[PDB]
Amino acid sequence: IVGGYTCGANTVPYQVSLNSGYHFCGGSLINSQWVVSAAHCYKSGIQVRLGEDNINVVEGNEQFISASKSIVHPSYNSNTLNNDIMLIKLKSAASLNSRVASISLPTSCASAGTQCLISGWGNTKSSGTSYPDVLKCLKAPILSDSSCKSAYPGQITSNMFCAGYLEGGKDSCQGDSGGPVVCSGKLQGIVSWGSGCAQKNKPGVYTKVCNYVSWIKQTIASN
Ligand SMILES: CNC(=O)[C@@H]1C[C@H](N2CCc3c(ncnc3OCCC3CC3)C2)CN1C(=O)c1ccc(CN)c(OC)c1
Ligand SMILES: [Ca+2]
């Protein structure tokens, strides 16, 4: 997160860190045994880390649970990132508490101007690199689809939205992908891609979760 602020420990209790010996992606807890992340985060040997604040320190509220099954969206395209969403089932249920809590799925799609909370452990610099270890937060609005498509001609699909600031300075960045975009208590987005971080006219691009709620619910109910 570039241009954000320190969330505060366990203030984003649905935020997870996906760890394969190191933090590689964010995710969102959606019930005790399932996490939503980006399909581009798919890999073997995932451990889901819940209840984290500083990812380099065991502070006493963490739960570490291995993934048992990963389900990449049936239509995910790795060349274009269309349908950039995946479900991860945990080997055992997380114990739900004040520090480890699920986030609601949308019941409808959110609009341009809706304010959201984006969070993650990614790079905090727009030029060069610095990783914060504690969770960072950013308040950002959803941008109109026309400004998103104009910023990224030929690359934005009906399954994506832009959020952030066209003037630059505030954005998600390397190591935030897979993590949450939450608006009025609903997981509307997944951190997906962009061109650089916090550059003018290059806002972050996010998977449009509302289009996937039917698939998420059906997949969870059958697995
Ligand atoms: C260490 N983790 C990372 O670096 C991940 C990998 C992810 N990338 C996306 C493109 C892509 C991937 N995997 C196959 N193909 C990819 O792109 C192919 C081209 C299609 C049009 C996207 C995976 C971008 N990452 C971010 O954390 C990130 C988050 C937010 C922003 C917004 N400023 C950002 O901006 C550059 C980057
Ligand atoms: Ca921690």
> What are the residue pairs meeting all of these: first residue in the stretch 200-218, first residue surrounded by fewer than 19 Cβ atoms within 10 Å (Cβ to Cβ), second residue assigned to a helix (DSSP H, G or I) and of a type in the set (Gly, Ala, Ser), Cβ atoms under 6 Å, and 6 or more apart or on different chains?
Replying inline: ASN201/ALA151
> Counting only residues that are part of a strand (DSSP E or B) and of a type in the set (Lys, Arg), which one in the stretch 107-148 is nearest to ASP176 (Cα to Cα)?
Replying inline: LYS136
> From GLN15, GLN33, which residue is over 20 Å from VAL181 (Cβ atoms) and of a type outside the set (A, V, I, L, M)?
Replying inline: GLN33
>> Of everything in the stretch 72-93, what is over 16 Å from the mean Cα position of the chain (by Cα) and more than 14 Å from ligand 1 (Cβ to nearest atom)? Give them in sequence order.
In response: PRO74, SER75, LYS89, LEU90, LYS91, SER92, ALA93
> Would you pick out the residues in the stretch 16-35 that are in a strand (DSSP E or B) and closer than 23 Å to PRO132 by Cβ?
Replying inline: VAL16, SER17, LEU18, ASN19, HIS23, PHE24, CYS25, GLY26, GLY27, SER28, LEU29, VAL35
> Checking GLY175 against (1) in the same structural domain as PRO74 (by CATH); (2) touching a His at 6+ places or on another chain (Cβ under 8 Å); (3) closer than 23 Å to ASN19 by Cα, which single condition isn't satisfied?
Replying inline: (1)
> Which residue out of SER70, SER28, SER37, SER17 is surrounded by fewer than 23 Cβ atoms within 10 Å (Cβ to Cβ) and outside the structural domain of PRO141 (by CATH)?
Replying inline: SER70
>> Take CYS173 and tell me if it is within 12 Å of ligand 1 (Cβ to nearest atom) and not in a loop (DSSP other than H, G, I, E, B).
In response: no
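Virtual Cβ from ideal backbone geometry, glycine too; neighbours counted across all protein chains shown. What is reported rests on the model, the rules as stated and the sources as named; no laboratory read-out is quoted.
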